[PDB]
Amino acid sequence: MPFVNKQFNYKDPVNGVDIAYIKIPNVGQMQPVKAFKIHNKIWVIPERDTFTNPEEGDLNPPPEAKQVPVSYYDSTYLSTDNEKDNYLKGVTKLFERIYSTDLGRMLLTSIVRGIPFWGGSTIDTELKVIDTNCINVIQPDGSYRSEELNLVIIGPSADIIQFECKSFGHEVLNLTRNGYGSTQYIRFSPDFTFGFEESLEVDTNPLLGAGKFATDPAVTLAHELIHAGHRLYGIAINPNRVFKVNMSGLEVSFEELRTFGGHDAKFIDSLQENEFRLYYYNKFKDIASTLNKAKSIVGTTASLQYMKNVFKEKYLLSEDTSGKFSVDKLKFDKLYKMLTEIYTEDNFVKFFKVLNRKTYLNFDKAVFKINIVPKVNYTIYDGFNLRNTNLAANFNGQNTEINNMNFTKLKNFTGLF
């Protein structure tokens, strides 16, 4: 039962439903872009992201000797129709690989159920969508209709390997940290991946290694989706909450350690975790109270009780006699723990049976150009480690020295730190 039930081509004609010219609510102007709806609540825009941030409109670098070590610029990437076709197919293929695991099925199901909360209304008896959780889709008659969505995958901005999960803020509300959630825009490319080293002492050393093994891009996307899950349920950790790494005031956010999981997650001390968990549980109670006071809805895309049921389902709320909603500690803790401890990069690594960095705290060695769309290169089931070939065992398919035709090294980062 595939996640993406159509095999889109980029040049397939627009139909205003799942192949459409859209605008995003950046609070400024833009020419429509061609987008593809690959699943309920999830869209793919094969364009370089010059739209989410008005000050990152330019695909050219900061000058030749202005730039960060782990970075890669190519202003022509993703400018042509063949590259957009291929980007679309590559991204689809990674959703299918993820979805083919039970962990991935769970995570993508929680993302689709994770509809951003309708807390846009200034009247506490009235439930309203926040419009930055929508896109504007041009219909066949050439007019615009607003469409709620949970996730957009878009190409990277100027720095091709700066993958991240962004979302539109609110004037007052902290949407990704108040339980509400907001639509998530992942900057991501399936056309590149990172090199790492199989020895831990090497991988965590800035001066050693050329990056012998390649990260499976399904792992990289899953990392971004895990962030997105947190942000859709409005439980992301404030990035100012950091762990001090111990020669340079190096720190790492808790939100990152959590997302990686494994040994790394244990560096977040128990008092602080209890404090976040209590905090988010309180946020959810504020949502339960807001739903209780809602008598009216705005719009007529759905009924008040349709939407209450939607949020009941999202937040796993208990419903008593009056149709009064409450939060049950047990169900809150299971959800919370699902989204923070079960969904983690490290867990994904076990599911995919791939070689991966052992810690979030490593020094990237290199960046490689890849092509995962041909089945002779990469499949849903095996990634690069193709069954019943010489690349099946020992992660040989990720080994850039053995599987050398699937990887072109574009830049070394080692030494430049």
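Numbers follow the displayed sequence, beginning with 1.
The entry models residue 82 and residue 83 with no unmodelled deposited residue separating them. With 328-336 and 296-304 compared on mean CA B-factor from the PDB entry, the stretch scoring higher is 296-304.
Stretches 19-27 and 403-411 differ in mean CA B factor, with 19-27 having the higher one. Sorting 268, 134, 221, 138 by the CA temperature factor given in the entry leaves 268 at the top. Note on 242, 342, 278, 257: the highest value goes to 242, judged by CA B factor as recorded.
When the modelled residues of the chain are ordered by C-alpha B-factor, residue 180 sits in the middle third. Per-chain ranking of the deposited C-alpha B factor places residue 233 in the lowest third. Annotation for residue 367: CA B-factor lies in the lowest third of the chain's modelled residues. Among the modelled residues of the chain, residue 388 sits in the highest third by CA temperature factor in this PDB entry. In this PDB entry, the Cα temperature factor of residue 159 sits in the bottom third of its chain's modelled residues, the lowest group.
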